[PDB]
Amino acid sequence: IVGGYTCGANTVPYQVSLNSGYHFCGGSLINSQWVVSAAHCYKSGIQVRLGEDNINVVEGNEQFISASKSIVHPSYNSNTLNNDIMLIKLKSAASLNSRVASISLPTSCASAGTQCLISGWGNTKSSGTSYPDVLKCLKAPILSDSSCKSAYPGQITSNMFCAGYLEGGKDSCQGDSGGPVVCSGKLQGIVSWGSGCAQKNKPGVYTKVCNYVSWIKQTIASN
Ligand SMILES: [Ca+2]
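First residue of the sequence shown? That's 7 in the authors' numbering, and the numbers climb one at a time after it.
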């Protein structure tokens, strides 16, 4: 997250860290044994880490649970990043409390102008690299489909939406991928891509979760 703020320990209870010996992506807990992330974050040997703040220090609220299976969206295109979404089932159900809790799925799509909370342990610099140990937060507005498409000609599909600013200075970044974009208490987006980080006229692009609700629910019901 570039230009964000320190969230505060466990103030984003649904935020998960995907660990394969190190943190490589974020994710969102949607129920006691399922996590939603980005398909481009796929890899084997995944351990889900819940209740995390500083990812390099055991602080007392962590729950480390290995994944039993990963399900990348049937139509995921890694070249265009269309349908950049995947589900991860936990080997054992997580213990849900106030510091570790699931986030509700949308009943309707979010609109341009709505403010959302984006979070993750990704890079905090637009130029150079600096990994935060604690969770960073960013409050940003959904941008119109028009400005999004104008910023990325021929690249934005109906399964994508931009959030942030055309001005730059504030955006999600490498390492935040797979993470949550929450608006009005609902998971509306997944950190997906963008050209660099927080650069002018290159806002963040997110997976439009509302389009996948049916698929998410159905998949869960049979797995
Ligand atoms: Ca920790």
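A virtual CB, placed ideally from N, CA and C, is assigned to each residue, including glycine.
Could you name the residues that DSSP lists as bridge partners for residue i?
i           : result
residue 105 : BP columns for residue 105 are empty, so no partner.
residue 210 : 169
residue 143 : 11 and 125
residue 72  : 53
residue 175 : Answer is none; residue 175 lacks a bridge partner.
residue 29  : 25
residue 205 : 208
residue 83  : 88
residue 186 : 196
residue 78  : 92
residue 37  : 40
residue 148 : 169
residue 110 : 192
Report yes if the C-beta of residue i is less than 7 Å from at least one heavy atom of ligand 3; otherwise report no.
i          : result
residue 85 : In the structure on display, ligand 3 does not appear, and the ligands it does have are ligand 1.
Just confirm the distance between the C-beta atoms of residue i and residue j, as a whole number of angstroms; I'd bet it's less than 8 Å.
i           : j           : result
residue 186 : residue 109 : 7 Å
residue 222 : residue 42  : 7 Å
residue 96  : residue 54  : 6 Å
residue 141 : residue 18  : 6 Å
residue 139 : residue 83  : In fact, because the Cβ distance is near 34 Å, the residues do not count as touching under 8 Å.
residue 144 : residue 162 : Going by Cβ atoms, the distance from residue 144 to residue 162 rounds to 21 Å, so no, they are not a contact pair.
residue 199 : residue 102 : Not really, about 31 Å apart at Cβ, beyond 8 Å.
residue 106 : residue 56  : 5 Å
residue 216 : residue 114 : 7 Å
residue 22  : residue 33  : 4 Å
Please work out which residues of its chain come closer than 7 Å, Cβ to Cβ, to residue i, disregarding the five sequence neighbours upstream and downstream, and give them in chain order.
i           : result
residue 135 : 129
Residues in the same chain with beta-carbon distance under 6 Å from residue i, minus the five sequence neighbours each way, listed in chain order, please.
i           : result
residue 177 : 8, 170, 203, 204 and 210
residue 75  : 95
residue 183 : 31, 44, 47 and 197
residue 168 : 149, 154, 209 and 211
May I have the straight-line CA-CA distance separating residue i from residue j, to the nearest angstrom?
i           : j           : result
residue 224 : residue 218 : 10 Å
residue 190 : residue 122 : 7 Å
residue 118 : residue 148 : 5 Å
residue 207 : residue 174 : 7 Å
residue 194 : residue 14  : 22 Å
residue 166 : residue 37  : 24 Å
residue 81  : residue 89  : 6 Å
residue 52  : residue 39  : 14 Å
residue 146 : residue 27  : 31 Å
residue 58  : residue 157 : 34 Å
residue 181 : residue 29  : 8 Å
residue 67  : residue 159 : 44 Å
residue 192 : residue 12  : 21 Å
residue 77  : residue 228 : 12 Å
residue 214 : residue 188 : 11 Å
residue 72  : residue 127 : 20 Å
Taking 8 Å as the limit between beta carbons, can you name the residues of its chain near residue i, skipping five residues before and five after?
i           : result
residue 201 : 158 and 208
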